[PDB]
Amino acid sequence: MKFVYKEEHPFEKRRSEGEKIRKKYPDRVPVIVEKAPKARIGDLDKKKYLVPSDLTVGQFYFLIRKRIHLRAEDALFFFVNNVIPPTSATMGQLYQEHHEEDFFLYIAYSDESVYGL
C-alpha cells in the first residue's frame, strides 16, 4: 500500500516532523489517514490526525465514520500495512507495532474489506 502523503513529502522531512510531534505530544500518536485505491466512499477533509493513544481502533472507527458520514450503501474498514487492525487494539499498540521509520502511523480506509478492492 502506497500513500499520497509519502509521495508529497520527502522521507527526511516526515521523520523529523514525526520525531518532534512524538516528543511534544507523547500522549497522542501521529496518524496519516487516506482513502484506499478504488474505494467508493466519502472523502475526508484532512489527512493528518493527532490521536489519543489509549483510544481503541473501534473508537477510531466511530470518530472517522462521523467525519465521513456513511451512506446506506457503505461500509467502513481500516488497513494498516495491508492488514485490518482488530477493533480491540489501542491506537498506541497499533502505533507501537506498525509505525513507520518516520514515526508516523499510516492508515487507509475503504468500503471494501480488502485493500484496493
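One-based numbering along the sequence shown.
Subject >> Stretch with the greater mean C-alpha B-factor as recorded in the entry, comparing 44-52 against 86-94 >> reply: Per the PDB entry, the higher value belongs to 86-94.
Original post:
Which wins on mean Cα temperature factor, 18-26 or 5-13?
Top reply: Higher mean C-alpha B-factor in the PDB entry: 5-13.
Subject >> Candidate residues 76, 31, 72, 39, the one whose C-alpha B factor the record puts highest >> reply: Within the set 76, 31, 72, 39, 72 shows the top C-alpha B-factor.
Original post:
When the modelled residues of the chain are sorted by Cα temperature factor, does residue 63 land in the lowest, middle or highest third?
Top reply: Tercile = middle for this residue's CA B-factor.
Original post:
If you rank every modelled residue in this chain by C-alpha B factor, which third holds residue 100: lowest, middle or highest?
Top reply: Lowest third - that is where residue 100 ends up once the chain's C-alpha B-factors are sorted.
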